[PDB]
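K.L.:
Let me give you the structure first, and then I'll get to my questions.
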Amino acid sequence: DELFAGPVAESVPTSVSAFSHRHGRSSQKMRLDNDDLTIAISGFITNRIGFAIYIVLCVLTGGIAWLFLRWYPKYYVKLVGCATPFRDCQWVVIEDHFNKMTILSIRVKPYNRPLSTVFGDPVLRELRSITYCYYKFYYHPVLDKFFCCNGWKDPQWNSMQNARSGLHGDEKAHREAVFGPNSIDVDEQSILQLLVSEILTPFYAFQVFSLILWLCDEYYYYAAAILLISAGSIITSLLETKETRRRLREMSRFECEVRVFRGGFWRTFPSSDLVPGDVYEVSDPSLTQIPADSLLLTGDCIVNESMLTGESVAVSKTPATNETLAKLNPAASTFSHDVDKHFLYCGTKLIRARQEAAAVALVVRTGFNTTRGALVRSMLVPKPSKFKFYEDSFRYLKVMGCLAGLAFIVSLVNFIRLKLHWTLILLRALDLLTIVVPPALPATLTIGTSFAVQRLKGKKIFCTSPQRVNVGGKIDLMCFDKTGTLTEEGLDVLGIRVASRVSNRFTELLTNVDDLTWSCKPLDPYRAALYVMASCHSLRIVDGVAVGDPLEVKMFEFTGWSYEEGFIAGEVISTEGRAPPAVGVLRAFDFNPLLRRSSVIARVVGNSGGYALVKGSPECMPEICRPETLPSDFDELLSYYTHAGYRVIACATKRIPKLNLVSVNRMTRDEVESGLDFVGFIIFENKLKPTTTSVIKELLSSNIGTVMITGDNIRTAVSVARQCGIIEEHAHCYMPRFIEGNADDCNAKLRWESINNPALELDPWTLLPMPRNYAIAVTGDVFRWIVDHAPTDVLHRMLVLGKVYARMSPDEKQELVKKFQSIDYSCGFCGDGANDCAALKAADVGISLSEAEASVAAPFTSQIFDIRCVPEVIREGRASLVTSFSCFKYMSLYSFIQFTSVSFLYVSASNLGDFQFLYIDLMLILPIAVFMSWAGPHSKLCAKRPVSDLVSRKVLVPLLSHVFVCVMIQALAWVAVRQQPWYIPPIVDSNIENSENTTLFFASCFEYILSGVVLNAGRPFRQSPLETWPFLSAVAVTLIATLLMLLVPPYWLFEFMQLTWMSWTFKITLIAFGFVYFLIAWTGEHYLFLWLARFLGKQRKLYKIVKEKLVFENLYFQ
Ligand code: BEF
Ligand SMILES: [Mg+2]
């Protein structure tokens, strides 16, 4: 019924943000309607022990019990809580279906108003409300059970005469008390461990254990220095994260002035004020967005729901009648088409409204019960607690299993030779137990992620979860939306295909504006088409930019003319000079949806003859046209320009002569609606963003797959994916459609038909074509049927072969994202709208293009509104992955040499040096560790992926082999000095003045200071280590400091260090061992160590198996 004749807006916005798999007194059980949880609400009170003994239990234990028990709450409830009915209690516990306990309290507010204004008796003062994850559960006093929510919002507007009256008096105060403020104000993060737990790496749980081994004043300075640097790193990282989150929240805040009609008067109010029933105003300007989802009462409007739906077309809404209001209920997640036809939705950008007359609208839902609010609230409900720390939760297991062998080796001997039993457990506890992971590791990982976050925030992308920056290196496919993400949210003019009179056919697409200077007859078709483009629009100009129907705005911006005020004075042609005359608009008729056309009567300055210009939809012009001028290719071109996905309008003209021209045009519409001659077509399409095609081409050419998960028509989605590079050219799409009638039954059959051919693939069992590459484009309902009724192999083959997914509700988007992650395929998601919030937290790396919407808990948010941010957040992620492993391969190796630096000292019954270890860990490890992890990516997203496994040979074999080649050279130095006769090695036999200790400390010092350059994996996926300032300067200055310690030691360091005299010849040989270790490690790690790891070496990823299976099956021609 709209102007265009193509794909039409059909997807209503839904609040469902969780996929439900189809299957073919006190302590109640209840299920949230929006997202499936089936929670249990149990109300307890505080017993006669309560927290009175819990407080002193926490005090006398040192506070460890409180920290341990807050993570495991289920017996805290048993210890403290006492079982009472929750009619009169003050403590509640919330249980999910995955057994997670949450503790809340009940607030009580005197109300003193009847039950009809809260539910649906007069004496009601209890208002027991619990806000569990922004779900407001209230207590029904007549019953004894908590209700689901306040989603159903007391409908009392049926009379249709009090609907426009509005609320007055103190009723608004009580409504505000019940339903809360309209703003979706999330709970801001608390600095008391609420945000710190996100940045608290579990390795820090070992760190305090080290303090237990260091609170005995054994290393008085070392523990304080490590605590200082770790606390500083943690504080800066959490402060940066909190500032970024608060900044994103401060542009996430929305408030707009609205003319709320209350008490019979129009008052200007902030947007975060409306409560259900306050009837508000639309028609006045500066209302760029709908404050709360509402119901129309007077006047039509056109709004753009490109964020609550994927629909690019601006949906037009009409006033609701009395029957319309008597059908809806606010508790419905998805509204019917009749209700949605007369309905405004919260957050949608308002495009046009009609001009004391107004476009007054009655708000029905506020707060988190709005569709935007419901999607935002259901985004924040689930939590992947132990998801990403598990990948490091097994490395220390194999590290302690490896060092258990060394501990057994060194304890096989000293247990009987020179050490007793009571003393021997403390040298192992103080030294070996604390260096299972070095204390500098969790303070260097946080510094590395902070450097990555700052490098990203340089290029206009903010990170809200700094722990997610290293996950981006694991991405092998990115999932994209369409409207706002890839293409712009509105329709745009593609070109003009006029109909030539001489050839009786169309001419060419004519993308550029050559309509002005191309003639190719009483009237030229090009001039008439241009006059339709620049004259037929009923646009009210305001501030130079046109406002109104988006099609009219886009054609008026495409022609580039200057429309004057809306009367007998018309527009003027552009005075650039590139003999076309100017034309003025006499009278315009309203666009009648019943007639599906709009007409204007214009008058040109030059010829001074009347013109009638009518544009409407095709397949309605041919029944009101003059058929002699219509081209024979009308239906063929219509099929080509509609079945592809574009939307076209058909314009036509006719000439009113001078004698038929009347100054007072009291002449009816139907006179100029017959006998017109046709001129051509105007095509509307979703223009891609100018950089989207290049980014998709680079991402696809760099071994990263791309799919598209939109929410609009499948034909437009296929056309956009074809012209952006997701589907490679001349590859047939294949749409599944249900046959044999059944569409919601388990025994239905799907025909996978080609989108523009009678050919089809084999039935769902094997997705192969009949007797070359192809792509699969699945709509929404068919995917919902497949995911719960089709076999597992069919679902896997579709997910592997699929590249376009359209008409997808947000719950289906989340289900498809999870089904990618059901197999071991790691997918990110490039969403922007409120549709995307379900599929943004569930994905690993969820980049949010919209700054305000869908960025409340998305791990990334781009300031630039295009796909150019997707490369950096991938490649820097890779630069934040291998570098992290370049710390993991470096720090743990640091542990093992330390054990050798202890173990050989147990040959001479010494342990270590008090000051040499302090110099090693602070003055040489930290300037290597935190400055090795400071370098940006290569700025070229390579096809090969980093080794992202802590189980594979490519990490363990180089690590253990570097450790062994370090032990061999340290043992060579030890045997050398032991048999070196110029200076006898004094075994004094706590003992710190050993010459063996000094000559082994210097060798291990060279080991630590040369192992950082070799292990710095900078060349493939980062900047090369040839960059002198970031990393080479630090290693150079600490190498010069070490050489000053060795070659020319001053007397002052003799007061510090316990060094003894050394010969020049031995010093030279020591330098030779250091340089041969560097040469061996550098030629090994790059050429031989990975060679040995590969030659030393099942459980392959599911996606790869499906790729090989499909490709191989296709080689045999079935
Ligand atoms: F269509 Be989506 F919200 F980008
Ligand atoms: Mg969108």
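In the structure tokens, the first chain shown is A, the next is B, and so on; residue numbers restart at 1 for each chain, and ligands run from 1 in the order shown.
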Any residue with an atom at most 7 Å from ligand 1 counts, using only C-alpha atoms and all ligand atoms. Which are they? Put them as a PyMOL selection string.

P.N.:
chain A and resi 306-311+481-485+710-711+831-836

K.L.:
Go ahead and save the picked residues with N, CA and C atoms, as a compact mmCIF listing (two decimals), in the first residue's frame.

P.N.:
# COMPACT_ATOMS: atom_id res chain seq x y z
N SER A 306 14.78 0.77 12.29
CA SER A 306 15.94 0.07 11.77
C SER A 306 16.83 -0.49 12.86
N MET A 307 16.49 -0.29 14.13
CA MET A 307 17.25 -0.83 15.24
C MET A 307 16.50 -1.85 16.07
N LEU A 308 15.17 -1.74 16.20
CA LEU A 308 14.40 -2.78 16.86
C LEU A 308 14.05 -3.92 15.90
N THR A 309 13.95 -3.62 14.61
CA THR A 309 13.88 -4.63 13.56
C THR A 309 15.05 -4.40 12.61
N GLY A 310 15.28 -5.36 11.74
CA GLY A 310 16.24 -5.14 10.69
C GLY A 310 15.66 -4.45 9.47
N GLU A 311 14.40 -4.05 9.53
CA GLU A 311 13.70 -3.53 8.36
C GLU A 311 14.24 -2.15 8.00
N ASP A 481 25.48 -7.86 10.92
CA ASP A 481 24.12 -7.43 10.64
C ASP A 481 24.10 -6.79 9.26
N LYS A 482 22.95 -6.26 8.84
CA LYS A 482 22.87 -5.60 7.54
C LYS A 482 22.58 -4.11 7.66
N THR A 483 21.47 -3.72 8.28
CA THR A 483 21.09 -2.31 8.33
C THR A 483 21.85 -1.60 9.44
N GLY A 484 22.56 -0.54 9.07
CA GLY A 484 23.40 0.18 10.01
C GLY A 484 24.78 -0.41 10.18
N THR A 485 24.89 -1.74 10.07
CA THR A 485 26.20 -2.38 10.14
C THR A 485 26.89 -2.35 8.78
N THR A 710 20.75 -10.79 9.41
CA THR A 710 19.93 -9.59 9.37
C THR A 710 18.54 -9.86 9.93
N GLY A 711 17.65 -8.89 9.79
CA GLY A 711 16.29 -9.03 10.27
C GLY A 711 15.25 -8.55 9.28
N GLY A 831 27.32 -6.45 15.54
CA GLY A 831 25.99 -5.88 15.57
C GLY A 831 25.93 -4.44 16.06
N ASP A 832 24.81 -3.78 15.77
CA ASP A 832 24.65 -2.41 16.27
C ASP A 832 23.34 -2.15 17.00
N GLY A 833 22.23 -2.73 16.53
CA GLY A 833 20.92 -2.36 17.03
C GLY A 833 20.53 -3.12 18.27
N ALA A 834 19.32 -2.84 18.75
CA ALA A 834 18.79 -3.58 19.88
C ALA A 834 18.37 -5.00 19.51
N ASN A 835 18.26 -5.31 18.21
CA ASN A 835 18.13 -6.70 17.79
C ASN A 835 19.35 -7.51 18.19
N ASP A 836 20.50 -6.87 18.21
CA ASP A 836 21.77 -7.57 18.23
C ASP A 836 22.22 -7.92 19.63

K.L.:
Taking the DSSP secondary structure from the backbone, can you list the residues of range 694-803 of chain A that are alpha helix (DSSP H), as a VMD selection string?

P.N.:
chain A and resid 694 to 701 714 to 724 780 to 789 792 to 801

K.L.:
Write the residues you've just listed into a file as a PDB file, in the first residue's frame, and include C-alpha atoms for each of them.

P.N.:
ATOM      1  CA  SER A 694      36.841  -3.556   0.809  1.00  0.00           C
ATOM      2  CA  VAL A 695      36.744  -4.716   4.436  1.00  0.00           C
ATOM      3  CA  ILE A 696      34.617  -7.774   3.619  1.00  0.00           C
ATOM      4  CA  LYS A 697      36.928  -8.591   0.696  1.00  0.00           C
ATOM      5  CA  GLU A 698      40.004  -8.337   2.947  1.00  0.00           C
ATOM      6  CA  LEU A 699      38.371 -10.393   5.711  1.00  0.00           C
ATOM      7  CA  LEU A 700      37.294 -13.108   3.274  1.00  0.00           C
ATOM      8  CA  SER A 701      40.698 -13.092   1.546  1.00  0.00           C
ATOM      9  CA  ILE A 714      15.731 -12.278   2.219  1.00  0.00           C
ATOM     10  CA  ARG A 715      15.892 -10.847  -1.317  1.00  0.00           C
ATOM     11  CA  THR A 716      17.391  -7.539  -0.152  1.00  0.00           C
ATOM     12  CA  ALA A 717      19.782  -9.501   2.065  1.00  0.00           C
ATOM     13  CA  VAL A 718      20.878 -11.654  -0.887  1.00  0.00           C
ATOM     14  CA  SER A 719      21.413  -8.593  -3.096  1.00  0.00           C
ATOM     15  CA  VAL A 720      23.453  -6.810  -0.405  1.00  0.00           C
ATOM     16  CA  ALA A 721      25.549  -9.924   0.232  1.00  0.00           C
ATOM     17  CA  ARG A 722      26.120 -10.312  -3.513  1.00  0.00           C
ATOM     18  CA  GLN A 723      27.259  -6.711  -3.949  1.00  0.00           C
ATOM     19  CA  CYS A 724      29.406  -6.630  -0.787  1.00  0.00           C
ATOM     20  CA  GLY A 780      14.041 -17.163  10.060  1.00  0.00           C
ATOM     21  CA  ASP A 781      11.155 -19.591  10.502  1.00  0.00           C
ATOM     22  CA  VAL A 782      12.906 -22.286   8.455  1.00  0.00           C
ATOM     23  CA  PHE A 783      16.012 -21.980  10.639  1.00  0.00           C
ATOM     24  CA  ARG A 784      13.824 -22.188  13.748  1.00  0.00           C
ATOM     25  CA  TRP A 785      12.297 -25.368  12.328  1.00  0.00           C
ATOM     26  CA  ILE A 786      15.695 -26.850  11.415  1.00  0.00           C
ATOM     27  CA  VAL A 787      17.363 -26.194  14.775  1.00  0.00           C
ATOM     28  CA  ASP A 788      14.768 -28.292  16.652  1.00  0.00           C
ATOM     29  CA  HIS A 789      13.442 -30.737  14.038  1.00  0.00           C
ATOM     30  CA  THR A 792      22.340 -32.836  13.595  1.00  0.00           C
ATOM     31  CA  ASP A 793      24.227 -33.367  10.322  1.00  0.00           C
ATOM     32  CA  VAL A 794      21.712 -31.216   8.419  1.00  0.00           C
ATOM     33  CA  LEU A 795      22.109 -28.369  10.911  1.00  0.00           C
ATOM     34  CA  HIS A 796      25.905 -28.630  10.775  1.00  0.00           C
ATOM     35  CA  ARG A 797      25.993 -28.634   6.964  1.00  0.00           C
ATOM     36  CA  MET A 798      23.683 -25.612   6.829  1.00  0.00           C
ATOM     37  CA  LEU A 799      25.765 -23.690   9.389  1.00  0.00           C
ATOM     38  CA  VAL A 800      28.924 -24.495   7.440  1.00  0.00           C
ATOM     39  CA  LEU A 801      27.461 -23.643   4.022  1.00  0.00           C
TER      40      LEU A 801
END

K.L.:
Select, from A:449, A:411, A:289, A:444, the residue with the minimum atom-to-atom distance to residue 204 in chain A, counting only C-alpha atoms.

P.N.:
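Closest residue, counting only C-alpha atoms: A:444.
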
K.L.:
Enumerate the residues of range 783-893 of chain A with a DSSP assignment of strand (DSSP E or B), computed from the backbone, and present them as an MDAnalysis selection string.

P.N.:
chainID A and resid 802:805 827:830 846:848 860:862

K.L.:
Find the residues near residue 1096 in chain A: any atom within 10 Å, counting only C-alpha atoms, skip ones fewer than 6 places away on the same chain, and give them as a count of residues only.

P.N.:
3

K.L.:
I want to know what sits within 7 Å of range 108-114 of chain A, based on only C-alpha atoms, with residues of the same chain fewer than 2 positions away left out; could you give that as a list in words?

P.N.:
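These residues fall inside the cut-off: residues 106, 116, 117, 121, 122, 123, 124, 125, 126, 127 and 128 of chain A.
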
K.L.:
Output the selection as a PDB file, in the first residue's frame - N, CA, C and O atoms for each residue.

P.N.:
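Wrote part15.pdb, looks like this:
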ATOM      1  N   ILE A 106      14.033  -7.197  50.365  1.00  0.00           N
ATOM      2  CA  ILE A 106      12.706  -6.698  50.028  1.00  0.00           C
ATOM      3  C   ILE A 106      12.555  -5.288  50.579  1.00  0.00           C
ATOM      4  O   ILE A 106      12.810  -5.047  51.766  1.00  0.00           O
ATOM      5  N   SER A 116      -6.600  -2.485  42.225  1.00  0.00           N
ATOM      6  CA  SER A 116      -6.822  -2.325  40.790  1.00  0.00           C
ATOM      7  C   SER A 116      -5.730  -1.513  40.105  1.00  0.00           C
ATOM      8  O   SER A 116      -5.540  -1.658  38.894  1.00  0.00           O
ATOM      9  N   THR A 117      -5.004  -0.674  40.842  1.00  0.00           N
ATOM     10  CA  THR A 117      -3.961   0.152  40.251  1.00  0.00           C
ATOM     11  C   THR A 117      -2.580  -0.487  40.320  1.00  0.00           C
ATOM     12  O   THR A 117      -1.603   0.145  39.905  1.00  0.00           O
ATOM     13  N   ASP A 121      -9.230  -5.901  49.259  1.00  0.00           N
ATOM     14  CA  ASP A 121      -8.802  -5.286  48.002  1.00  0.00           C
ATOM     15  C   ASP A 121      -8.463  -3.772  48.084  1.00  0.00           C
ATOM     16  O   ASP A 121      -7.410  -3.380  47.580  1.00  0.00           O
ATOM     17  N   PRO A 122      -9.309  -2.917  48.689  1.00  0.00           N
ATOM     18  CA  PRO A 122      -8.932  -1.493  48.742  1.00  0.00           C
ATOM     19  C   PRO A 122      -7.816  -1.196  49.726  1.00  0.00           C
ATOM     20  O   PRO A 122      -6.995  -0.308  49.463  1.00  0.00           O
ATOM     21  N   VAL A 123      -7.755  -1.909  50.849  1.00  0.00           N
ATOM     22  CA  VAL A 123      -6.747  -1.663  51.879  1.00  0.00           C
ATOM     23  C   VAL A 123      -5.479  -2.398  51.450  1.00  0.00           C
ATOM     24  O   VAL A 123      -5.373  -3.616  51.592  1.00  0.00           O
ATOM     25  N   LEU A 124      -4.511  -1.652  50.917  1.00  0.00           N
ATOM     26  CA  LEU A 124      -3.245  -2.211  50.438  1.00  0.00           C
ATOM     27  C   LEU A 124      -2.120  -1.235  50.771  1.00  0.00           C
ATOM     28  O   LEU A 124      -1.971  -0.211  50.099  1.00  0.00           O
ATOM     29  N   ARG A 125      -1.322  -1.553  51.794  1.00  0.00           N
ATOM     30  CA  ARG A 125      -0.161  -0.731  52.102  1.00  0.00           C
ATOM     31  C   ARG A 125       1.155  -1.409  51.763  1.00  0.00           C
ATOM     32  O   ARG A 125       2.161  -0.716  51.590  1.00  0.00           O
ATOM     33  N   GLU A 126       1.173  -2.734  51.658  1.00  0.00           N
ATOM     34  CA  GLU A 126       2.393  -3.457  51.334  1.00  0.00           C
ATOM     35  C   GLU A 126       2.696  -3.353  49.847  1.00  0.00           C
ATOM     36  O   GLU A 126       1.821  -3.581  49.006  1.00  0.00           O
ATOM     37  N   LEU A 127       3.938  -3.005  49.527  1.00  0.00           N
ATOM     38  CA  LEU A 127       4.417  -2.875  48.154  1.00  0.00           C
ATOM     39  C   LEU A 127       5.762  -3.591  48.032  1.00  0.00           C
ATOM     40  O   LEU A 127       6.782  -3.030  47.624  1.00  0.00           O
ATOM     41  N   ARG A 128       5.778  -4.852  48.465  1.00  0.00           N
ATOM     42  CA  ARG A 128       6.994  -5.659  48.507  1.00  0.00           C
ATOM     43  C   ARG A 128       7.485  -5.940  47.093  1.00  0.00           C
ATOM     44  O   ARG A 128       6.906  -6.763  46.376  1.00  0.00           O
TER      45      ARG A 128
END

K.L.:
Show which residues sit within 12 Å of residue 198 in chain A, as number ranges by chain. Count only C-alpha atoms, and ignore same-chain residues fewer than 3 positions away.

P.N.:
A: 189-195, 201-202, 234, 237-238, 241-242, 383-386, 388-389, 446, 464-468

K.L.:
Would you kindly return, as a ChimeraX atom specification, each protein, DNA or RNA residue with an atom no farther than 12 Å from any atom of residue 51 in chain A, considering only C-alpha atoms and excluding same-chain residues fewer than 2 positions away?

P.N.:
/A:45-49,53-59,66,76-77,79-81

K.L.:
Take the residues just selected and output them with N, CA and C atoms as a PDB file, in the first residue's frame.

P.N.:
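Generated file (selection_0.pdb):
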ATOM      1  N   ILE A  45      14.440 -15.314  56.703  1.00  0.00           N
ATOM      2  CA  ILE A  45      14.719 -14.231  57.641  1.00  0.00           C
ATOM      3  C   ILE A  45      16.058 -14.514  58.306  1.00  0.00           C
ATOM      4  N   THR A  46      16.493 -13.617  59.184  1.00  0.00           N
ATOM      5  CA  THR A  46      17.741 -13.788  59.915  1.00  0.00           C
ATOM      6  C   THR A  46      17.450 -14.453  61.257  1.00  0.00           C
ATOM      7  N   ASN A  47      18.156 -15.544  61.549  1.00  0.00           N
ATOM      8  CA  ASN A  47      17.854 -16.351  62.725  1.00  0.00           C
ATOM      9  C   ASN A  47      18.544 -15.774  63.962  1.00  0.00           C
ATOM     10  N   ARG A  48      18.526 -16.537  65.057  1.00  0.00           N
ATOM     11  CA  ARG A  48      19.020 -16.055  66.341  1.00  0.00           C
ATOM     12  C   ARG A  48      20.540 -16.047  66.451  1.00  0.00           C
ATOM     13  N   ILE A  49      21.260 -16.666  65.522  1.00  0.00           N
ATOM     14  CA  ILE A  49      22.698 -16.446  65.384  1.00  0.00           C
ATOM     15  C   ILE A  49      23.002 -15.385  64.331  1.00  0.00           C
ATOM     16  N   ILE A  53      27.495 -14.021  64.758  1.00  0.00           N
ATOM     17  CA  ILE A  53      28.657 -14.901  64.798  1.00  0.00           C
ATOM     18  C   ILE A  53      29.402 -14.925  63.468  1.00  0.00           C
ATOM     19  N   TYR A  54      28.730 -14.595  62.361  1.00  0.00           N
ATOM     20  CA  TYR A  54      29.399 -14.563  61.066  1.00  0.00           C
ATOM     21  C   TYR A  54      30.421 -13.435  61.001  1.00  0.00           C
ATOM     22  N   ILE A  55      30.114 -12.294  61.626  1.00  0.00           N
ATOM     23  CA  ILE A  55      31.038 -11.161  61.624  1.00  0.00           C
ATOM     24  C   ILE A  55      32.325 -11.520  62.356  1.00  0.00           C
ATOM     25  N   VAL A  56      32.206 -12.132  63.539  1.00  0.00           N
ATOM     26  CA  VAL A  56      33.410 -12.475  64.291  1.00  0.00           C
ATOM     27  C   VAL A  56      34.117 -13.671  63.665  1.00  0.00           C
ATOM     28  N   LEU A  57      33.383 -14.528  62.944  1.00  0.00           N
ATOM     29  CA  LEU A  57      34.025 -15.597  62.187  1.00  0.00           C
ATOM     30  C   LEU A  57      34.874 -15.028  61.058  1.00  0.00           C
ATOM     31  N   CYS A  58      34.369 -13.998  60.373  1.00  0.00           N
ATOM     32  CA  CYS A  58      35.150 -13.345  59.326  1.00  0.00           C
ATOM     33  C   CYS A  58      36.332 -12.577  59.910  1.00  0.00           C
ATOM     34  N   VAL A  59      36.147 -11.959  61.080  1.00  0.00           N
ATOM     35  CA  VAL A  59      37.218 -11.169  61.685  1.00  0.00           C
ATOM     36  C   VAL A  59      38.354 -12.072  62.154  1.00  0.00           C
ATOM     37  N   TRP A  66      35.010 -14.891  54.218  1.00  0.00           N
ATOM     38  CA  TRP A  66      34.016 -14.085  53.510  1.00  0.00           C
ATOM     39  C   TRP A  66      34.247 -14.110  52.003  1.00  0.00           C
ATOM     40  N   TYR A  76      25.796 -20.530  52.832  1.00  0.00           N
ATOM     41  CA  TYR A  76      25.578 -19.302  53.591  1.00  0.00           C
ATOM     42  C   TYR A  76      24.096 -19.111  53.883  1.00  0.00           C
ATOM     43  N   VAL A  77      23.244 -19.470  52.920  1.00  0.00           N
ATOM     44  CA  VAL A  77      21.799 -19.389  53.099  1.00  0.00           C
ATOM     45  C   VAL A  77      21.341 -20.355  54.185  1.00  0.00           C
ATOM     46  N   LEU A  79      23.244 -21.469  56.671  1.00  0.00           N
ATOM     47  CA  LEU A  79      23.813 -21.084  57.957  1.00  0.00           C
ATOM     48  C   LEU A  79      23.081 -19.885  58.549  1.00  0.00           C
ATOM     49  N   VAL A  80      22.704 -18.919  57.715  1.00  0.00           N
ATOM     50  CA  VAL A  80      22.135 -17.666  58.191  1.00  0.00           C
ATOM     51  C   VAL A  80      20.613 -17.652  58.089  1.00  0.00           C
ATOM     52  N   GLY A  81      20.066 -18.113  56.968  1.00  0.00           N
ATOM     53  CA  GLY A  81      18.643 -17.966  56.730  1.00  0.00           C
ATOM     54  C   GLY A  81      17.792 -18.892  57.580  1.00  0.00           C
TER      55      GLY A  81
END

K.L.:
Find, counting only C-alpha atoms and all ligand atoms, the residue in A:17, A:980, A:312, A:1011 that gets nearest to ligand 2.

P.N.:
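With only C-alpha atoms and all ligand atoms as the atom set, the closest residue is A:312.
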
K.L.:
Contacts of residue 685 in chain A at 8 Å or less, counting only C-alpha atoms, minus same-chain residues fewer than 2 places along, as a PDB file with N, CA, C and O atoms, in the first residue's frame?

P.N.:
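So the final result, stored in part_37.pdb, reads:
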ATOM      1  N   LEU A 491      16.588   3.703   2.764  1.00  0.00           N
ATOM      2  CA  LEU A 491      16.630   3.541   1.320  1.00  0.00           C
ATOM      3  C   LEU A 491      17.264   4.762   0.669  1.00  0.00           C
ATOM      4  O   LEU A 491      17.107   5.890   1.135  1.00  0.00           O
ATOM      5  N   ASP A 492      17.981   4.526  -0.425  1.00  0.00           N
ATOM      6  CA  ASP A 492      18.651   5.575  -1.177  1.00  0.00           C
ATOM      7  C   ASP A 492      18.389   5.386  -2.663  1.00  0.00           C
ATOM      8  O   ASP A 492      18.164   4.269  -3.132  1.00  0.00           O
ATOM      9  N   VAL A 493      18.440   6.493  -3.402  1.00  0.00           N
ATOM     10  CA  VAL A 493      18.196   6.459  -4.840  1.00  0.00           C
ATOM     11  C   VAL A 493      19.377   5.801  -5.539  1.00  0.00           C
ATOM     12  O   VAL A 493      20.536   6.183  -5.329  1.00  0.00           O
ATOM     13  N   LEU A 494      19.091   4.799  -6.367  1.00  0.00           N
ATOM     14  CA  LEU A 494      20.115   4.125  -7.153  1.00  0.00           C
ATOM     15  C   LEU A 494      20.276   4.747  -8.534  1.00  0.00           C
ATOM     16  O   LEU A 494      21.401   5.002  -8.971  1.00  0.00           O
ATOM     17  N   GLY A 645      15.765  -7.497  -5.089  1.00  0.00           N
ATOM     18  CA  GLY A 645      15.625  -6.979  -3.744  1.00  0.00           C
ATOM     19  C   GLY A 645      15.372  -5.488  -3.677  1.00  0.00           C
ATOM     20  O   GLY A 645      14.974  -4.969  -2.630  1.00  0.00           O
ATOM     21  N   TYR A 646      15.597  -4.787  -4.782  1.00  0.00           N
ATOM     22  CA  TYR A 646      15.399  -3.348  -4.802  1.00  0.00           C
ATOM     23  C   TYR A 646      13.910  -3.017  -4.773  1.00  0.00           C
ATOM     24  O   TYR A 646      13.046  -3.868  -4.997  1.00  0.00           O
ATOM     25  N   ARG A 647      13.613  -1.755  -4.479  1.00  0.00           N
ATOM     26  CA  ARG A 647      12.252  -1.242  -4.464  1.00  0.00           C
ATOM     27  C   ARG A 647      12.150  -0.098  -5.456  1.00  0.00           C
ATOM     28  O   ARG A 647      12.970   0.824  -5.432  1.00  0.00           O
ATOM     29  N   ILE A 683      14.615   3.778  -8.814  1.00  0.00           N
ATOM     30  CA  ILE A 683      14.961   2.587  -8.045  1.00  0.00           C
ATOM     31  C   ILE A 683      15.512   3.017  -6.693  1.00  0.00           C
ATOM     32  O   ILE A 683      16.361   3.911  -6.619  1.00  0.00           O
ATOM     33  N   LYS A 687      22.112   1.360  -0.014  1.00  0.00           N
ATOM     34  CA  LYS A 687      23.492   1.633  -0.394  1.00  0.00           C
ATOM     35  C   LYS A 687      24.446   1.082   0.652  1.00  0.00           C
ATOM     36  O   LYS A 687      24.262   1.303   1.853  1.00  0.00           O
TER      37      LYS A 687
END

K.L.:
Rank A:1082, A:139, A:269, A:480 by their smallest atom-to-atom distance to ligand 2, using only C-alpha atoms and all ligand atoms, and report the top residue only.

P.N.:
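Closest residue, counting only C-alpha atoms and all ligand atoms: A:480.
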
K.L.:
So what do you get for CA of residue 667 in chain A versus CA of residue 551 in chain A, distance-wise?

P.N.:
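Atom-to-atom, CA of residue 667 in chain A to CA of residue 551 in chain A, that is 27.4 Å.
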
K.L.:
Using only C-alpha atoms, can you tell me which of A:1072, A:416, A:585, A:987 comes closest to residue 905 in chain A?

P.N.:
A:987

K.L.:
So, with only C-alpha atoms and all ligand atoms as the atoms that count, which of A:854, A:1035, A:163, A:499 lies closest to ligand 2?

P.N.:
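Among A:854, A:1035, A:163, A:499, it is A:854 that comes nearest to ligand 2.
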
K.L.:
Smallest atom-to-atom distance to residue 151 in chain A: which of A:977, A:331, A:1048, A:621, using only C-alpha atoms?

P.N.:
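Between A:977, A:331, A:1048, A:621, the residue approaching residue 151 in chain A most closely is A:331.
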